[PDB]
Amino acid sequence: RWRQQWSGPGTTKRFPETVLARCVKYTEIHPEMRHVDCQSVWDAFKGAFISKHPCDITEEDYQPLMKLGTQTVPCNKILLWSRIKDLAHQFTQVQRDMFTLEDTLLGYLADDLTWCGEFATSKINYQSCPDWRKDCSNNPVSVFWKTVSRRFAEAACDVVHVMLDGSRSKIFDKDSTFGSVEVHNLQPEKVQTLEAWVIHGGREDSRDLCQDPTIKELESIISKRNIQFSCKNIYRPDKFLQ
């Protein structure tokens, strides 16, 4: 017909199968979400982006999926992260009472996947999906992750932790979901402290990264939002205390 070709990779192959299997396994190992009808949430997920131009997806498109995947997690044991998902998921795996976004149903469903649809048809596009900088920044994956990260940050309370990679050029990057969505959606009425865990890395060059200019910038941001800021250098990543 008039198919749109994009500069980014297509939908992950076996995407419906993978999403349904992930939902099954999650409801298995997370009994607090056993009330979930997985076929219905997959229907909501696919209805979010099917038969819609991939560059005009909005948060409301994902609203039905957000309701079937509502998950009130203990708000005082939320672990945010940025650019160190390996170590963050290791921590939540060895200290199984704390949650990352990927430990919730929707994050576990969509983690490491790619998906988009077509405007003229109702089939999932497996050939290409929009590139964020070359095609369009608001696509099914972008809108989904922004929406879910906003709702996950808004649900946090008491002391909220964030894991950060100290080996990055920008330990705190404004152009990340944590910097562009999560820090701005922590509720001052529920959160009193954001605690950064700056994980150390780089064979040599291990000083006090809590004095890094990006950490001071994050501190001023969270302070202007009337939330206390906490920062702790982590020199070697011993989850073997845990």
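In this text, residue numbers run from 1 along the sequence as written.
Mean C-alpha B-factor is higher over 95-103 than over the other stretch, the pair under comparison being 109-117 and 95-103. Stretches 230-238 and 14-22 differ in mean C-alpha B factor, with the higher average recorded for 230-238.
Out of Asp37, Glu59, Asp175, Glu217, the entry records its largest CA B-factor for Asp37. Each of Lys170, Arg151, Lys77, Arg83 has a CA temperature factor in the record; the biggest one is found at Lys77. In this PDB entry, the Cα temperature factor of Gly69 sits in the middle third of its chain's modelled residues. Remark: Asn185 belongs to the lowest third of its chain, ranked by C-alpha B-factor as recorded. The deposited CA B-factor of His53 belongs to the lowest third of values across its chain.
Among the modelled residues of its chain, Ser122 has a C-alpha B-factor that falls in the middle third according to the deposited record. Per the deposited record, the Cα B-factor of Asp131 falls in the highest third when ranked against the other modelled residues of its chain.
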